[PDB]
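Participant: Attaching a single structure in structure tokens format; questions to follow.
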Amino acid sequence: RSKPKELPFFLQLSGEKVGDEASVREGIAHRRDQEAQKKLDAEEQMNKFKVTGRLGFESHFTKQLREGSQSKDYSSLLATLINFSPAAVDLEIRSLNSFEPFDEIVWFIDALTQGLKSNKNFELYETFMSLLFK
Amino acid sequence: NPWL
Amino acid sequence: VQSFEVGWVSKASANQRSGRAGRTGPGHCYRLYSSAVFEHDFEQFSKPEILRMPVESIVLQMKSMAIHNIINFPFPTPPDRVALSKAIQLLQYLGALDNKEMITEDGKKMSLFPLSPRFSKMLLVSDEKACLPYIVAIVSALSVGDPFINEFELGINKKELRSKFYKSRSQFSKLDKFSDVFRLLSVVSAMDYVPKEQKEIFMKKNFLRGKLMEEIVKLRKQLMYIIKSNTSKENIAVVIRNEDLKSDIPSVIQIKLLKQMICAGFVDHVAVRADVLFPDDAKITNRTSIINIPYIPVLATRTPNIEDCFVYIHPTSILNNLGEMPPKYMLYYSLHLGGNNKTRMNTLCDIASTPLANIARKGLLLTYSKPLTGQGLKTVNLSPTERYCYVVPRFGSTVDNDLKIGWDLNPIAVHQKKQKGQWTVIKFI
Amino acid sequence: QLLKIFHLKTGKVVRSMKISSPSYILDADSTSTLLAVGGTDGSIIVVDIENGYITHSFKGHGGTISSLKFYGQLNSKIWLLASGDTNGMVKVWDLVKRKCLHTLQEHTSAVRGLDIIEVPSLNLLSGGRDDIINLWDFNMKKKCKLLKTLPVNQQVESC
Amino acid sequence: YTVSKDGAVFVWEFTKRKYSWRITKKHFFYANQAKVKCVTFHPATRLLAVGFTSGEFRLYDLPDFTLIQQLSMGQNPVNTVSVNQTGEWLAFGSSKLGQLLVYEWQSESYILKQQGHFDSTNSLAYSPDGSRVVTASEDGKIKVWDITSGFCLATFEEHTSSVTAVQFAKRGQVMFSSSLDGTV
Amino acid sequence: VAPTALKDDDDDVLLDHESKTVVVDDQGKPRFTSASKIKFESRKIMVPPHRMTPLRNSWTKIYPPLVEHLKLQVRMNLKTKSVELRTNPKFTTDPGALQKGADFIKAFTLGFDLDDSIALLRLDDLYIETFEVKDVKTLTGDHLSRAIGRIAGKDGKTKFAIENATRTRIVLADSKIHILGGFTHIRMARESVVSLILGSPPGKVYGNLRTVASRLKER
Amino acid sequence: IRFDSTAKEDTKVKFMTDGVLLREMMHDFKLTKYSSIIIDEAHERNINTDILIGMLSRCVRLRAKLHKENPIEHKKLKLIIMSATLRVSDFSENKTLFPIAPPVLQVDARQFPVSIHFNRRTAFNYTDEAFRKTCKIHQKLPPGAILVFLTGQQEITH
Amino acid sequence: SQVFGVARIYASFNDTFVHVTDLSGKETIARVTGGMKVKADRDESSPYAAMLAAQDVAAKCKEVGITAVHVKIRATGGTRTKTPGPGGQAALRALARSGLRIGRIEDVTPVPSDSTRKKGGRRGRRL
């Protein structure tokens with residue numbers, strides 16, 4: 001809802017508009033082009049922006065998620081989830097990898113399971129699980 | 001030659 | 001590399017061959033080689049062919065055999081289990097083998113090629129932008145060896161011969177300035193244009209072995225016959241053309257295309273500067289010669305002491321005697337363990353960061369991270385399964401696994417489409 | 001003006017190609033691997049059926065091609081292609097050397113029948129719509145002599 | 001960097017012709033008729049936010065003059081503009097319709113988006129619980145406001161003329177309004 | 001420094017003679033090497049003397065579309081006063097450039113405006129229909145003149161209702177009538193034109209033009 | 001002689017290479033169509049035969065297990081190996097090929113003694129002295145078929 | 001190497017004839033009309049019918065040996081119009097598309113110096 005409000009020198013024209021009604025009687029009678037243009041607009045997008053800064057392989061969240069499973073203590077993980085903005089949380093949960101053995105998905109469930117046991121931040125801990133299923 |  | 005050569009037969013095989021001379025009736029067995037030679041230069045029972053083929057070639061044939069596991073295989077004679085596992089990861093790194101050990105579409109082709117899997121990768125990618133005449137020329141040189149004679153071996157270092165040697169070593173690399181295989185390519189190609197009558201003089205001027213090039217010249221025609229066989233459906237119809245053997249000078253674009261050819265077959269034997277991966281960890285400066293500058297392979301294991309991982313460049317390599325700071329990523333045919341103080345590296349050519357990721361997209365070594373959120377770093381999502389975005393790739397070992405030691409490649413745009421819950425790399429944009 | 005090769009077991013068109021001019025003369029060798037295409041422009045295209053490409057594209061005839069004959073044996077190199085146009089001209093083209101060996105013009109009407117056999121020396125039998133048949137002997141060397149001309153009293157559609 | 005009302009941005013650098021300020025680079029905003037109304041700059045992130053008289057704004061990355069984004073704020077002039085300390089939030093203001101917007105250009109999301117009544121409010125009504133209050137103006141538009149947040153939840157444009165009175169039912173799910181258009 | 005002062009490049013280039021001999025495959029089959037990997041036509045049109053000056057001043061807009069888009073080679077012969085076109089085998093790609101160019105120059109030759117003629121290059125399915133008033137009715141003297149006036153109308157309005165209604169253009173070259181348009185559309189124009197020649201008043205026909213015009217619009 | 005080529009259904013004995021077994025066996029792991037497999041020339045111990053002897057050792061287990069379930073429903077497979085040399089013991093000792101050694105059978109052929117001869121010097125251009133030596137064989141020795149060994153095919157025709 | 005035919009085009013109000021013959025005109029090579037290629041009488045004269053007929057002869061022309069043709073278009077002539085109708089041009093257009101080389105184009109419509117009275121009468125016709 002927050003999204004903002006929005007020839008050839010040889011045309012290829014035939015049929016009734018051109019007066020060739022005979023072809024119509026005898027039975028002789030572009031989404032892909034739009035679907036083709038959409039890559040071009042996308043292919044331009046990567047060309048309009050060419051940032052070349054060096055960035056870390058692993059983000060702060062997934063680092064603590066890996067560390068939390070290793071130490072079986074997601075308290076550092078749970079703390080930074082609460083601090084994250086709503087936009088950050090949704091990109092965070094969506095980005096969570098979906099390939100077998102599904103370790104990080106398991107790790108996220110364990111983190112929330114520990115969070116509920118603390119009986120703190122319940123409405124927050126409930127809602128990340130909702131986004132996890134979503 | 002060109003390589004030389 | 002594995003090659004087919006004329007070689008002395010075993011005693012028993014020779015004895016059997018004597019037998020059928022007498023099998024019909026008492027017969028006289030004649031041997032061109034003498035009896036005293038017969039005892040010495042013949043082995044008593046011909047050594048098993050399973051030992052003769054490369055262990056990596058055993059796996060690739062076995063992967064052409066779609067065998068579930070090399071250890072589940074029943075076998076008369078053992079290669080060790082670990083090497084059979086090293087071959088699997090070796091082939092996987094080349095892109096021949098999938099993460100599921102299934103033989104890729106290109107994986108099948110390298111099996112068809114009689115050549116080694118590492119060299120067979122050269123053969124597949126050799127035919128790119130009319131660079132086929134070179135990759136055979138490099139491959140022929142690599143297998144035969146180095147025709148060059150070192151300064152230390154000659155004993156010139158008399159001072160006037162040192163200058164001509166320097167000029168001779170200079171004119172090799174006018175083709176490529178940071179690469180040691182391409183300078184050699186210029187030489188093996190240069191002698192082709194050279195007349196036969198005057199060849200011995202150039203071959204004296206450049207200190208080149210008389211007999212080693214003729215094999216290379218004879219070897220390239222055979223290897224071009226093999227590639228023109230395999231690449232085209234008409235694998236017998238194609239005939240070797242001397243004009244095909246004839247090659248024209250490359251463009252700077254072709255050189256870069258050639259550089260990634262060099263890395264395709266040797267993707268494991270690639271090393272970054274140890275200082276680049278760990279800046280300020282080991283003191284390095286321009287005063288320290290390139291012998292002193294260390295390097296560390298991505299595939300190499302991390303060691304408790306950094307210097308153990310460190311490997312160093314050869315003096316005979318041009319990149320040592322240029323006097324300039326070498327490129328970040330360097331790539332070698334083989335690691336020469338000689339020298340306790342420093343381990344000698346013979347490096348082919350210098351591979352850039354993103355083009356190194358190009359050999360990585362074919363291979364399984366690349367590990368791609370998640371999309372990033374930042375200024376102008378948003379991701380295009382055309383359909384629910386495909387997306388375009390920038391991803392930082394980590395070559396070989398990841399950050400999480402610290403057993404190995406790898407280097408991180410800079411982020412570059414990529415198309416990602418979801419398969420099985422993970423987004424494969426469709427193409428780098 | 002499109003050549004289509006169809007594999008019977010697979011039930012699929014394996015290869016698709018385009019010819020310069022319409023072809024109504026189409027011949028296959030006994031070994032079932034080569035296919036000769038005779039177009040109205042006088043061009044002859046030889047196609048490998050198994051691999052789907054043009055082996056030879058030979059352009060010597062002036063009139064439209066009317067007769068094409070393949071001569072070949074398994075495990076040999078005496079393979080030859082005999083082509084006849086509507087001008088009564090016959091040419092025995094060589095596949096191995098990729099050149100024309102012999103040229104014949106004795107026929108006046110269109111040549112519709114061609115045939116080559118080994119003489120234990122190769123014998124060519126050319127027949128056209130002029131109600132005659134010509135018997136020729138030849139070899140790989142520059143030898144081509146007319147043995148007999150037989151009046152058959154009928155328009156030779158095939159011989 | 002100096003910006004003019006015409007829509008020209010001049011880049012000034014000290015250089016040798018001994019050393020003096022000179023215009024090394026010139027950028028021009030090719031707005032068809034819109035005139036620059038307000039400009040701000042964030043040195044840390046190099047963001048240029050320009051509000052125009054036509055009621056649109058453009059975001060740029062200097063000195064490359066790369067148009068990060070262009071959106072239209074309306075037909076009324078963008079009177080004022082400000083940048084966050086971090087540089088990720090952009091606050092915009094137009095005086096004619098009482099307009100205050102906050103934009104997160106990083107995620108292309110709206111932090112704050114609220115309008116006040118163009119005319120005086122003629123009536124108000126609380127929800128039965130008091131959580132929300134509804135306001136009516138001489139324009140003829142009703143607006144729903146949340147007491148805790150203090151922000152406009154919804155606006156209604158169905159009444160043609162001034163809405164005279166607004167009231168809730170006891171239950172509170174339903175609201176009723178009367179207007180000088182002749183309808184309830 | 002200013003007085004107010006404080007106090008690898010990754011390359012973007014990424015990869016993605018006949019032998020006179022033969023080889024035998026295991027099956028015994030032949031096996032050879034691969035072989036080595038728009039005609040010139042001319043059209044002539046005669047331009048009448050009354051169209052020479054219209055050609056000359058308008059020619060600056062005639063050869064560009066013919067030479068650039070249709071890739072035709074253009075000359076007009078001052079000795080024969082003819083425009084003659086040809087296909088360039090090395091450049092011409094559409095086989096139909098030539099006659100389409102020939103059909104174009106005929107339309108201007110007949111008397112049509114240059115922009116109306118560009119429709120012929122512009123499309124493929126525009127045709128020219130021609131006929132006569134004596135073909136309709138043997139009108140002579142002032143009767144013939146009045147008929148031509150009836151088609152024209154005062155200030156030429158009558159034929160312009162024809163042109164807008166049926167989406168065609170009509171050239172009144174004395175008793176020569178030419179109608180340019182689509183096949184169905186030109187027949188619609190012709191039926192009205194023959195009606196005026198036979199004596200129908202223009203006002204009644206303008207009503208019939210009204211009826212047909214909507215039928216074109218809905219369809 | 002070929003993978004793709006197929007024998008007539010009527011043939012009941014089949015000749016082919018060790019490589020062809022691999023692909024035919026690749027098409028069918030059971031090999032119920034083959035009641036027995038005959039291994040020739042084990043003494044070379046060629047790798048493309050060594051790969052074959054492995055899988056055939058895997059398949060014979062299945063046919064043994066299939067036979068154990070029901071002899072009639074599933075056909076048992078026999079494994080027969082020829083070796084010119086008597087050293088099949090290395091095959092026998094391997095556990096992967098099988099748990100327990102099967103009987104090994106030996107046939108001795110009536111073979112006449114071979115008198116052994118050697119030249120005094122080995123010759124580099126071995127093709128040429130062999131030709132002169134072959135000519136000397138005909139000159140002095142009585143009629144008898146001559147068997148020769150050259151490594152290179154082009155040398156043989158030369 | 002270039003054998004020349006003669007493509008005679010007769011474009012009438014209600015039908016179009018595509019006629020190809022030798023240079024003499026004595027021997028007919030191939031004949032097709034709009035009636036051949038259409039299912040309704042009203043479309044015999046349609047340009048679509050002309051193109052199909054022209055393509056049919058041209059494929060036949062390449063059979064016989066003919067590679068070029070000289071075009072002599074004509075209308076009904078006589079007491080009727082002297083100019084070929086759109087079917088005639090469309091037939092000319094298709095022949096170019098078939099690939100047959102066009103040698104020379106001429107209009108050979110019968111033009112009477114003197115004509116018998118037309119069938120229309122005094123009032124006229126073609127209402």
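Ligands are numbered from 1 in the order shown, residues from 1 within each chain, and chains are lettered A, B, ... in the order they appear in the structure tokens.
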Give me the residues within 10 Å of range 9-23 of chain D as a short mmCIF file (atom, residue, chain, number, x, y, z; two decimals) with N, CA and C atoms, in the first residue's frame, counting only C-alpha atoms and dropping any in the same chain fewer than 5 places off.

Facilitator:
data_model
loop_
_atom_site.label_atom_id
_atom_site.label_comp_id
_atom_site.auth_asym_id
_atom_site.auth_seq_id
_atom_site.Cartn_x
_atom_site.Cartn_y
_atom_site.Cartn_z
N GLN D 1 11.70 -25.25 -49.11
CA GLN D 1 13.15 -25.34 -49.33
C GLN D 1 13.86 -25.70 -48.04
N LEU D 2 13.29 -26.65 -47.30
CA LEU D 2 13.77 -27.04 -45.98
C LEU D 2 13.95 -28.55 -45.92
N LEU D 3 15.14 -28.99 -45.53
CA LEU D 3 15.42 -30.42 -45.38
C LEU D 3 15.15 -30.86 -43.94
N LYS D 4 14.40 -31.95 -43.80
CA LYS D 4 14.05 -32.54 -42.51
C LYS D 4 14.41 -34.02 -42.50
N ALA D 36 22.06 -37.14 -50.99
CA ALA D 36 22.34 -36.17 -52.04
C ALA D 36 21.06 -35.42 -52.41
N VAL D 37 21.18 -34.10 -52.51
CA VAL D 37 20.04 -33.22 -52.75
C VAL D 37 20.31 -32.47 -54.05
N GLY D 38 19.43 -32.66 -55.03
CA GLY D 38 19.54 -31.99 -56.31
C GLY D 38 18.50 -30.89 -56.49
N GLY D 39 18.95 -29.63 -56.47
CA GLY D 39 18.04 -28.51 -56.58
C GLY D 39 17.84 -28.04 -58.01
N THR D 40 16.83 -27.18 -58.19
CA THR D 40 16.55 -26.62 -59.51
C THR D 40 17.58 -25.58 -59.93
N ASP D 41 18.44 -25.13 -59.02
CA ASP D 41 19.51 -24.20 -59.38
C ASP D 41 20.75 -24.92 -59.91
N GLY D 42 20.74 -26.25 -59.97
CA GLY D 42 21.89 -27.00 -60.39
C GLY D 42 22.89 -27.30 -59.29
N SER D 43 22.60 -26.94 -58.05
CA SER D 43 23.50 -27.17 -56.93
C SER D 43 23.22 -28.54 -56.32
N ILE D 44 24.30 -29.22 -55.92
CA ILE D 44 24.22 -30.53 -55.29
C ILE D 44 24.75 -30.39 -53.87
N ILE D 45 23.96 -30.84 -52.90
CA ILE D 45 24.33 -30.81 -51.49
C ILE D 45 24.34 -32.24 -50.99
N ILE D 49 23.45 -38.19 -42.84
CA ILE D 49 22.16 -38.35 -42.18
C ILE D 49 22.34 -38.48 -40.67
N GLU D 50 23.37 -39.23 -40.25
CA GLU D 50 23.56 -39.49 -38.83
C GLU D 50 23.85 -38.20 -38.06
N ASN D 51 24.68 -37.32 -38.62
CA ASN D 51 25.21 -36.18 -37.89
C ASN D 51 24.58 -34.85 -38.29
N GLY D 52 23.87 -34.80 -39.42
CA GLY D 52 23.07 -33.63 -39.74
C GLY D 52 23.84 -32.38 -40.09
N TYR D 53 24.62 -32.43 -41.17
CA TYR D 53 25.33 -31.27 -41.66
C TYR D 53 25.53 -31.45 -43.16
N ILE D 54 26.06 -30.43 -43.81
CA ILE D 54 26.42 -30.56 -45.22
C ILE D 54 27.85 -31.06 -45.34
N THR D 64 18.51 -27.92 -64.16
CA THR D 64 18.01 -28.52 -62.93
C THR D 64 18.47 -29.97 -62.84
N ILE D 65 18.77 -30.41 -61.63
CA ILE D 65 19.23 -31.78 -61.42
C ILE D 65 18.06 -32.73 -61.59
N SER D 66 18.26 -33.79 -62.38
CA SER D 66 17.22 -34.76 -62.68
C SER D 66 17.53 -36.16 -62.18
N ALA H 59 5.18 -21.74 -57.19
CA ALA H 59 5.71 -23.05 -56.81
C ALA H 59 5.70 -24.00 -58.00
N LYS H 62 8.62 -23.03 -60.39
CA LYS H 62 9.94 -23.51 -60.02
C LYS H 62 10.08 -25.00 -60.29
N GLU H 63 8.96 -25.74 -60.27
CA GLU H 63 8.96 -27.11 -60.75
C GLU H 63 9.47 -27.22 -62.18
#

Participant: Which residues are near residue 12 in chain G? Cut-off 12 Å, only C-alpha atoms, ignore same chain within fewer than 5 positions. Put them as a list in words.

Facilitator: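 Here the answer would be residues 7, 33, 34, 35 and 36 of chain G.
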
Participant: Atoms to include: N, CA and C atoms. Write the selected residues as a compact mmCIF listing (two decimals), in the first residue's frame.

Facilitator:
# COMPACT_ATOMS: atom_id res chain seq x y z
N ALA G 7 22.54 -57.03 -30.65
CA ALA G 7 22.55 -58.33 -31.30
C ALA G 7 21.12 -58.79 -31.58
N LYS G 33 19.03 -61.14 -17.66
CA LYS G 33 19.14 -61.62 -19.04
C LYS G 33 20.39 -62.48 -19.25
N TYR G 34 21.45 -62.25 -18.47
CA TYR G 34 22.68 -63.03 -18.60
C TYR G 34 22.74 -64.07 -17.48
N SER G 35 22.69 -65.35 -17.85
CA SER G 35 22.79 -66.42 -16.86
C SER G 35 24.22 -66.63 -16.39
N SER G 36 25.20 -66.33 -17.24
CA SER G 36 26.60 -66.48 -16.86
C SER G 36 27.41 -65.37 -17.52

Participant: Quick one: which chain H residues come within 10 Å of chain D, and what is the nearest atom pair for each with the distance in Å to one decimal, counting only C-alpha atoms, rows ordered by chain and ascending number, as JSON lines?

Facilitator:
{"residue": "H:1", "atom": "CA", "partner": "D:62", "partner_atom": "CA", "distance": 5.9}
{"residue": "H:2", "atom": "CA", "partner": "D:63", "partner_atom": "CA", "distance": 9.2}
{"residue": "H:3", "atom": "CA", "partner": "D:63", "partner_atom": "CA", "distance": 9.7}
{"residue": "H:59", "atom": "CA", "partner": "D:22", "partner_atom": "CA", "distance": 9.0}
{"residue": "H:62", "atom": "CA", "partner": "D:40", "partner_atom": "CA", "distance": 7.3}
{"residue": "H:63", "atom": "CA", "partner": "D:40", "partner_atom": "CA", "distance": 7.7}
{"residue": "H:64", "atom": "CA", "partner": "D:40", "partner_atom": "CA", "distance": 9.0}
{"residue": "H:65", "atom": "CA", "partner": "D:40", "partner_atom": "CA", "distance": 6.9}
{"residue": "H:66", "atom": "CA", "partner": "D:40", "partner_atom": "CA", "distance": 9.4}
{"residue": "H:67", "atom": "CA", "partner": "D:41", "partner_atom": "CA", "distance": 9.0}

Participant: Quick one: everything within 10 Å of range 20-30 of chain H, counting only C-alpha atoms, minus sequence neighbours fewer than 2 positions away in the same chain. Send it as a PDB file with N, CA and C atoms, in the first residue's frame.

Facilitator:
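File selection-v5.pdb, as written:
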ATOM      1  N   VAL H   3      16.014 -19.219 -67.618  1.00  0.00           N
ATOM      2  CA  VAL H   3      14.910 -19.452 -68.542  1.00  0.00           C
ATOM      3  C   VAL H   3      13.743 -18.555 -68.149  1.00  0.00           C
ATOM      4  N   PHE H   4      13.135 -17.910 -69.140  1.00  0.00           N
ATOM      5  CA  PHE H   4      12.148 -16.864 -68.908  1.00  0.00           C
ATOM      6  C   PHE H   4      10.751 -17.352 -69.270  1.00  0.00           C
ATOM      7  N   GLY H   5       9.800 -17.128 -68.363  1.00  0.00           N
ATOM      8  CA  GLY H   5       8.398 -17.359 -68.616  1.00  0.00           C
ATOM      9  C   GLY H   5       7.660 -16.060 -68.905  1.00  0.00           C
ATOM     10  N   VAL H   6       6.333 -16.168 -68.923  1.00  0.00           N
ATOM     11  CA  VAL H   6       5.446 -15.038 -69.181  1.00  0.00           C
ATOM     12  C   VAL H   6       4.241 -15.161 -68.264  1.00  0.00           C
ATOM     13  N   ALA H   7       4.195 -14.325 -67.229  1.00  0.00           N
ATOM     14  CA  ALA H   7       3.092 -14.321 -66.271  1.00  0.00           C
ATOM     15  C   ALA H   7       2.059 -13.288 -66.710  1.00  0.00           C
ATOM     16  N   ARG H   8       0.969 -13.752 -67.317  1.00  0.00           N
ATOM     17  CA  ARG H   8      -0.122 -12.884 -67.751  1.00  0.00           C
ATOM     18  C   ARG H   8      -1.130 -12.769 -66.612  1.00  0.00           C
ATOM     19  N   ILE H   9      -1.420 -11.538 -66.200  1.00  0.00           N
ATOM     20  CA  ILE H   9      -2.344 -11.254 -65.108  1.00  0.00           C
ATOM     21  C   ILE H   9      -3.583 -10.601 -65.704  1.00  0.00           C
ATOM     22  N   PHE H  17      -7.190 -13.777 -62.606  1.00  0.00           N
ATOM     23  CA  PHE H  17      -6.537 -14.916 -63.239  1.00  0.00           C
ATOM     24  C   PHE H  17      -5.036 -14.678 -63.226  1.00  0.00           C
ATOM     25  N   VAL H  18      -4.289 -15.630 -62.672  1.00  0.00           N
ATOM     26  CA  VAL H  18      -2.839 -15.670 -62.806  1.00  0.00           C
ATOM     27  C   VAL H  18      -2.512 -16.742 -63.837  1.00  0.00           C
ATOM     28  N   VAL H  32      -4.049 -20.693 -62.290  1.00  0.00           N
ATOM     29  CA  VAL H  32      -4.809 -20.643 -61.049  1.00  0.00           C
ATOM     30  C   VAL H  32      -5.622 -19.353 -61.053  1.00  0.00           C
ATOM     31  N   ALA H  54      -1.266 -16.632 -56.932  1.00  0.00           N
ATOM     32  CA  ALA H  54       0.076 -16.311 -57.407  1.00  0.00           C
ATOM     33  C   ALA H  54       1.121 -17.232 -56.789  1.00  0.00           C
ATOM     34  N   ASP H  56       0.619 -20.269 -55.784  1.00  0.00           N
ATOM     35  CA  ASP H  56       0.435 -21.615 -56.319  1.00  0.00           C
ATOM     36  C   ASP H  56       1.166 -21.786 -57.646  1.00  0.00           C
ATOM     37  N   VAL H  57       1.011 -20.825 -58.559  1.00  0.00           N
ATOM     38  CA  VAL H  57       1.690 -20.926 -59.849  1.00  0.00           C
ATOM     39  C   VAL H  57       3.200 -20.844 -59.669  1.00  0.00           C
ATOM     40  N   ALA H  58       3.663 -19.967 -58.778  1.00  0.00           N
ATOM     41  CA  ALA H  58       5.098 -19.764 -58.623  1.00  0.00           C
ATOM     42  C   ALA H  58       5.789 -21.032 -58.141  1.00  0.00           C
ATOM     43  N   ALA H  59       5.176 -21.743 -57.192  1.00  0.00           N
ATOM     44  CA  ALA H  59       5.706 -23.046 -56.807  1.00  0.00           C
ATOM     45  C   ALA H  59       5.701 -23.995 -57.997  1.00  0.00           C
ATOM     46  N   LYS H  60       4.633 -23.956 -58.797  1.00  0.00           N
ATOM     47  CA  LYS H  60       4.594 -24.740 -60.025  1.00  0.00           C
ATOM     48  C   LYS H  60       5.662 -24.269 -61.004  1.00  0.00           C
ATOM     49  N   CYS H  61       5.879 -22.953 -61.085  1.00  0.00           N
ATOM     50  CA  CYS H  61       6.882 -22.424 -62.005  1.00  0.00           C
ATOM     51  C   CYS H  61       8.272 -22.954 -61.675  1.00  0.00           C
ATOM     52  N   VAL H  64       8.869 -26.450 -63.086  1.00  0.00           N
ATOM     53  CA  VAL H  64       9.027 -26.723 -64.510  1.00  0.00           C
ATOM     54  C   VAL H  64      10.433 -26.367 -64.984  1.00  0.00           C
ATOM     55  N   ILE H  66      11.270 -22.782 -64.987  1.00  0.00           N
ATOM     56  CA  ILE H  66      11.183 -21.341 -65.169  1.00  0.00           C
ATOM     57  C   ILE H  66      11.625 -20.648 -63.890  1.00  0.00           C
ATOM     58  N   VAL H  69      10.012 -14.407 -65.092  1.00  0.00           N
ATOM     59  CA  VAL H  69       8.782 -14.205 -65.846  1.00  0.00           C
ATOM     60  C   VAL H  69       8.658 -12.738 -66.230  1.00  0.00           C
ATOM     61  N   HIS H  70       8.105 -12.501 -67.418  1.00  0.00           N
ATOM     62  CA  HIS H  70       7.726 -11.169 -67.866  1.00  0.00           C
ATOM     63  C   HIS H  70       6.236 -10.981 -67.618  1.00  0.00           C
ATOM     64  N   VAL H  71       5.882  -9.905 -66.921  1.00  0.00           N
ATOM     65  CA  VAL H  71       4.510  -9.669 -66.486  1.00  0.00           C
ATOM     66  C   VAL H  71       3.814  -8.763 -67.489  1.00  0.00           C
TER      67      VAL H  71
END

Participant: Taking 4 positions as the minimum chain separation for residues in the same chain, which residues sit within 9 Å of residue 116 in chain D when counting only C-alpha atoms? Answer as a PDB file with N, CA and C atoms, in the first residue's frame.

Facilitator:
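Once everything was written out, this is result_33.pdb:
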ATOM      1  N   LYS D  69      22.939 -40.512 -58.410  1.00  0.00           N
ATOM      2  CA  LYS D  69      23.266 -41.882 -58.035  1.00  0.00           C
ATOM      3  C   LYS D  69      24.495 -41.896 -57.142  1.00  0.00           C
ATOM      4  N   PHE D  70      24.414 -42.655 -56.051  1.00  0.00           N
ATOM      5  CA  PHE D  70      25.532 -42.889 -55.148  1.00  0.00           C
ATOM      6  C   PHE D  70      26.160 -44.239 -55.465  1.00  0.00           C
ATOM      7  N   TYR D  71      27.486 -44.265 -55.571  1.00  0.00           N
ATOM      8  CA  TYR D  71      28.243 -45.503 -55.690  1.00  0.00           C
ATOM      9  C   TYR D  71      29.143 -45.631 -54.472  1.00  0.00           C
ATOM     10  N   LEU D  80      31.660 -42.393 -55.038  1.00  0.00           N
ATOM     11  CA  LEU D  80      31.436 -41.475 -56.144  1.00  0.00           C
ATOM     12  C   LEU D  80      29.971 -41.062 -56.186  1.00  0.00           C
ATOM     13  N   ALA D  82      27.188 -39.522 -59.016  1.00  0.00           N
ATOM     14  CA  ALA D  82      26.871 -39.260 -60.413  1.00  0.00           C
ATOM     15  C   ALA D  82      25.595 -38.435 -60.481  1.00  0.00           C
ATOM     16  N   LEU D 122      35.005 -48.791 -63.809  1.00  0.00           N
ATOM     17  CA  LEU D 122      33.643 -48.589 -63.339  1.00  0.00           C
ATOM     18  C   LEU D 122      32.744 -48.304 -64.532  1.00  0.00           C
ATOM     19  N   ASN D 123      31.575 -48.942 -64.557  1.00  0.00           N
ATOM     20  CA  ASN D 123      30.633 -48.804 -65.660  1.00  0.00           C
ATOM     21  C   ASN D 123      29.470 -47.910 -65.250  1.00  0.00           C
ATOM     22  N   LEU D 124      29.235 -46.855 -66.028  1.00  0.00           N
ATOM     23  CA  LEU D 124      28.126 -45.931 -65.818  1.00  0.00           C
ATOM     24  C   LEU D 124      27.055 -46.176 -66.871  1.00  0.00           C
ATOM     25  N   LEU D 125      25.802 -46.244 -66.429  1.00  0.00           N
ATOM     26  CA  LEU D 125      24.655 -46.416 -67.311  1.00  0.00           C
ATOM     27  C   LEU D 125      23.753 -45.198 -67.160  1.00  0.00           C
TER      28      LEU D 125
END

Participant: Can you check which residues of chain H have any atom within 12 Å of chain A? Use only C-alpha atoms and format it as JSON, numbers by chain.

Facilitator: {"H": [34, 37, 38, 39, 40, 41, 42, 43, 44, 45, 46, 47, 48, 49, 50, 51, 52, 86, 87, 90]}

Participant: List as a PyMOL selection string the protein and nucleic acid residues near residue 105 in chain G, meaning an atom at most 12 Å away when only C-alpha atoms are counted, but skip any in the same chain fewer than 2 places from it.

Facilitator: chain G and resi 80-83+86-89+102-103+107-108

Participant: Select, as a ChimeraX atom specification, those residues of chain G with any atom no more than 9 Å from chain C (distances computed using only C-alpha atoms).

Facilitator: /G:22-23,26,44-48,50-51,53-55,57-58,84-85,90-98,109-123,126,129-130,133,146-147,151-152
